[PDB]
Amino acid sequence: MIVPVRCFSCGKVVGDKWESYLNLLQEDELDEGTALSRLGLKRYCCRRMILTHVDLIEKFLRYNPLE
Amino acid sequence: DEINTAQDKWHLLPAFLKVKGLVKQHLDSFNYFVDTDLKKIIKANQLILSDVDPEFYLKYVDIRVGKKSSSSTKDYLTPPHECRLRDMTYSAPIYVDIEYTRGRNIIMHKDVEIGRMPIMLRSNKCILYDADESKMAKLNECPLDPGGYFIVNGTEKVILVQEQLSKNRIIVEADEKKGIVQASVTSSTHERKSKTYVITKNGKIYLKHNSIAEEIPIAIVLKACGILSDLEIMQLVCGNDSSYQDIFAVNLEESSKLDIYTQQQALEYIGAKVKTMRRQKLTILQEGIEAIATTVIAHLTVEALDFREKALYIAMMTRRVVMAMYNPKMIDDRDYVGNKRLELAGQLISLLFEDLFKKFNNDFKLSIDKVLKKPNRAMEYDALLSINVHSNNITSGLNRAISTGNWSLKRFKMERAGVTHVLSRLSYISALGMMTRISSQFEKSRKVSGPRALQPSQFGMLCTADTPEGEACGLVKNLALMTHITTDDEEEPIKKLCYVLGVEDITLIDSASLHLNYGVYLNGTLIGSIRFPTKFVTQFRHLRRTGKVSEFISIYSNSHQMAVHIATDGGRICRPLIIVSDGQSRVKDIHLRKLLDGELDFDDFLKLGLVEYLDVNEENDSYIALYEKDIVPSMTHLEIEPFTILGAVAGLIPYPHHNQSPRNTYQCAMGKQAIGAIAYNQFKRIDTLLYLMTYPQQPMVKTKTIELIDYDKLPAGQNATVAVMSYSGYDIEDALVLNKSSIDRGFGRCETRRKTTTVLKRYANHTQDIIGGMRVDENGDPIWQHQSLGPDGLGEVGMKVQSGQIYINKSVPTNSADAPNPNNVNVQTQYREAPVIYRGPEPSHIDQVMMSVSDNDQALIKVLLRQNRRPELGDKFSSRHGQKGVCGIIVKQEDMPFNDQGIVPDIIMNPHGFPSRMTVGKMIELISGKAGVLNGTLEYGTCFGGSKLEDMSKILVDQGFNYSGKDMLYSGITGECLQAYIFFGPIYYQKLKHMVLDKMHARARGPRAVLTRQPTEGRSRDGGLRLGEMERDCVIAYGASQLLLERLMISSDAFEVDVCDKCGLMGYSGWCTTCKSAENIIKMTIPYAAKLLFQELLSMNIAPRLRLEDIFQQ
Amino acid sequence: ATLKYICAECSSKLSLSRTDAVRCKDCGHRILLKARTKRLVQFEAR
Amino acid sequence: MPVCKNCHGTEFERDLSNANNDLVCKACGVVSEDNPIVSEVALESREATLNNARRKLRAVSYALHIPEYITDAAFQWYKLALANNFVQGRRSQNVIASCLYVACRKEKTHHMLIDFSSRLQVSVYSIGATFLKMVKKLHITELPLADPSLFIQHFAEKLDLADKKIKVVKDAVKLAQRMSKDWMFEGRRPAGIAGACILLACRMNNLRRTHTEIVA
Amino acid sequence: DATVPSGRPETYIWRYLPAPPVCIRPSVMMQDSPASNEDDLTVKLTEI
Ligand SMILES: [Zn+2]
Ligand SMILES: [Zn+2]
Ligand SMILES: [Zn+2]
Ligand SMILES: [Zn+2]
């Protein structure tokens, strides 16, 4: 629902990177791996979750009980 | 930017599915229903007056839904998702304009509401129709739910599209013994009717029609059919020379030995054996006794007035049984799709509705009749409100029908049941997955061999992957991803148009015409068989592909059976594909830049003559290409892409062409059983059962299919790294095994939601069922068992609830069901309180509850309970490639390898699955996975497509992993090099239903069922397990005496019968009853099922008197 | 608020009497849900 | 009701925990029972007119869209009315109309006599007098007493318009209530003051409508 | 086989039909309300 703070393999902290990643993709559109590669992701299992994990919370906050 | 002639095609299919939706089938036919059909339906019966009241009539005029002439769409109506919680039917009022007669010079009309219509989501009249993402939001229901399913009484279900055998067509079944029955069954409105014809004995060939009695000689028939020649009869059905002459002519011989011509006797002998006229209106008993219905019984397809038409229809029909009786083969086998037709929900609601409405108004005669009985004053006040008291029985009866699934139609004299299923949300794929489904029925016994397997003709116009293990009494089949089910167009314009091509009529035919060309058949009905087969097909197709009669109404030939068939029957399977125009495609590859530009759209290719929808029969005539790369100037078409051949679920398998198909089958049956996000509405909907996954992820491999349905926005599964290896011998067969400090890190976790509603209704004593609660003894706390709340007296958010506690406290009056009297004084309490208790192994949570009202104004409480399940030992994990396996013994961390960067696999899986299950597709998928991350991309794969393998090699080696997709690892325990390179990397997995914690079931001593006095049924209620006979007798091969007794007796039904040596019978306590002594009794133990069986017998007159004898003294 | 609960759509704090009716006030909309307890609650994350 | 054979505890506690589903008292520890044995899955002039009487009853009942449950009230009343021979002497529509009216009134629902009756040719004073007779023949009390506070809703639902009416409704009710307070209420048709405060607070919300619509 | 026990070939046509014992005619749970779910054979003979 929100990027797991650690991966399922390394468990290196992912959390900081998602925002910084996503921004780094939107601002200054750049190659994915290279982004991560110069964002500091090396291990591919670490990497998959930034290349993956569609965020469902932002598509949820469309729906909320309170509005 | 010019485009590949190959790769350009790929933008067609989306635009095809863009405008015209994936599920249109229901959608259109429902819209097409509510729009067109009813205006025809009432146009059938708009007029009623009982026999009375010399000047009256009631004339229906308009039917509308939502438009009473305030707004266009309904001014306001309940929101569907909101109704899902109110647990109502979700419906729309029926606006009906009717002009009646009441009193002197009136003839007056209005709009009326006869009832409400249980509409279908995302229809035209649906609120959701063309509503942009805020109306989704503000209306609180998902964008990505395809809709196309009804909702009633708080549930939803679907109308399952049911395939029915092709109707109104001559079909010959060739069966040994017998004599090869011909049958044609046809229906128009009234009288859906079967008809048969066949030999009985040795060339002597008769009509079996349940209308008539039985066994009517066909030559006599065709005589009565108006052709009297007896020469062109033979010449007609036969041919020119060959041997066919006498082969048929035997009947003609012993035909003659009875009677001749057609004054009376031809028609008469028919009517001679016809059944009764049902008393009155028998006056048609004549020399023309049946002559009216002689033509029309089961031959309504033509009827009309003179006899030549259907006369020759029967003739050509007879041609197939003589060409049959010539030889086996040379016949038709009820198999290949075109001879069968699925038929959409649109007409289901049509028939069921209009027949309920039918019998309704039929009884509305009576509805005014009671008023009409005594001429009180002058009788008028035309029953305008009086429809209401009669009304909504349509709506109600329509509701209970549409949810229940039992359809009794006694005007059609036919009854289908199990027409619907409870809508399946176990997962996202299932959503459209339970749609796009097809039911087969009838087809003689279930053992009958022919209507069973998957035949090749099925190519690309259904799914060929999915046929789940639920085969059973019938069969389900799934569509393609490019499908068009055809709507019935029209008859006469295309007929007289056929005449415009210069065809001829049976009236102008020589009655020597088994030589001329082939034949023309409209609906499968012969007309002229115009000369010059080919150019005919050319001209008309050219009409179709250019200016007219779009969709189907296509055409195909047959050389052997001599015909060219061109009928306009809907409910017919269709599909696009690219015409090759002479040498090559009509596309011409530049026109697609004129497509991708954004201004082309679709349906143009029809009107600009590029591509069109076709038929299995049509393509049986055509010759199709595969790649524009490989074509022949003699070709006809190419279908844009192969991978629409896969089914809606099958589109998930990466590179399926590298598998063996059964693993694709199982893979479909598992996919819909995966667990995932469902829909954006997720936490705002409450369903009787739900699953989801904490951290779903786009599968590293995609299939461009997924890109269509945005399945990447709704993944079910994890993208999980694995190392193929036999490590941790706990693995063995198919049994996967996992990683702690990963499961600890949040791998594969599932919130499991359920709901338990409790209806609150008032009882005739006029005392509500009450929620009272909050005891709080002990000075400040409610007892643990009762400590599951707060002052409200009902469950609340955010509480661990251990089984034995109260997640709703429901107090009902113990006198509630009593008979109230015109009195009360003080206490209307007398409550026997039955709060329901959460039962189960492990705590759940109440995070959400709803107090709300149904339609009848009564208190209704609905709560949802949830618990997250850490993926404990023994959980089904699909590898999404067909590997269906239990989670094995969970490793800690260190154990299982790590290697260079230290990346530790998560799932760790046995190699042995891959050799015998023989599926290399996954084995490629892993390569593609380790690739994509390393280049930083998702990875396409699709049937005969996607990223190929070789490119990945360089893709991998540059970044330093062996192109073979393998690497060293290091011992999870020992810490040395592993003695063989391991293939490992990313693979997308998924978690399933059949979580063990649900499934594990045990009892010590559980309840017994009153009737048989023994353990109850299956899981849930409580336990007991099944020793079947076939299961039992296995113990006898070991010959264990006592194991039977302890098992089938001492632990089964523990009972002692008391009997009487003299006249052995079973008494009770100390009596032998019928012989009343209270002495000779012997007490002994017996299975209570035994004594049961006895009394059951001795209930019926019978006496298995039990005589006894000692165990001891030898 | 520390009062009882909320609408479905209107989404506003609302109480109720005993045996009165479920219809909300702010909105004529019928269904409504229950606010989460002000009471403490505890898990253990692992 | 049952008592232990030994401790003789008067209270028994059922254990569903382990799925033995047994019964034993906190006084002994000696069970009450093992495996509670559970289950699963004509023509008379009166009775026939009870068939037809249910037919009429239910049909004309939810012609109003009244709750199904409430109908069974009158069904007993109707049956109760059969006992005193109040039923035979007059028309059936009188009967069913009466017994339904006594239900809805007694149950305090929103429906109106002049309205409900209007399903027929009827002068509506007729069946009113029918209902008046069973007041004698059956024996009743203060039970059937209503106020517009109900009927404004069913009226408010029928006029569509906008949702400010609800705001208006709150405005109207207490309005009428003060009118109920100022003592001009009783002795007159409650519907009158209902539509009155309708036009008043809708007038307070300044939406222009007709008295025709109100009395409609 | 006759030897004054059952009753020679007479019995085999019904005269007194024995009522099936009540347990083998289990009355289904009244399942709330006043109308109890019936049981069939008792309906049959109760018409008999
Ligand atoms: Zn990692
Ligand atoms: Zn005896
Ligand atoms: Zn509200
Ligand atoms: Zn005791």
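Every residue, even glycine, has its Cβ placed from backbone N, Cα and C.
Here the candidates are A:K12, A:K59, and Swiss-Prot annotates A:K59 as ubiquitin cross-link.
Between the CA atoms of A:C10 (Zn(2+) binding site) and A:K59 (ubiquitin cross-link) there is a gap of 28 Å, rounded to the nearest whole number.
Long-range Cβ neighbours of A:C45 (Zn(2+) binding site) (same chain, at least 6 residues apart, Cβ-Cβ under 8 Å): A:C7, A:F8, A:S9, A:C10. Least packed by the Cβ count within 10 Å, out of the binding-site residues A:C7, A:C10, A:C46, is A:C10.
It is 24 Å from the Cα atom of A:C46 (Zn(2+) binding site) to that of A:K59 (ubiquitin cross-link). For A:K59 (ubiquitin cross-link), other Cβ atoms within 10 Å of its Cβ number 19. With a threshold of 8 Å between Cβ atoms, none of the recorded positions A:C7, A:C10, A:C45, A:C46, A:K59 neighbour chain C.
Listed recorded positions: A:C7, A:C45, A:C46, A:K59. Those with a CB atom under 6 Å from ligand 1: A:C7, A:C45, A:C46.
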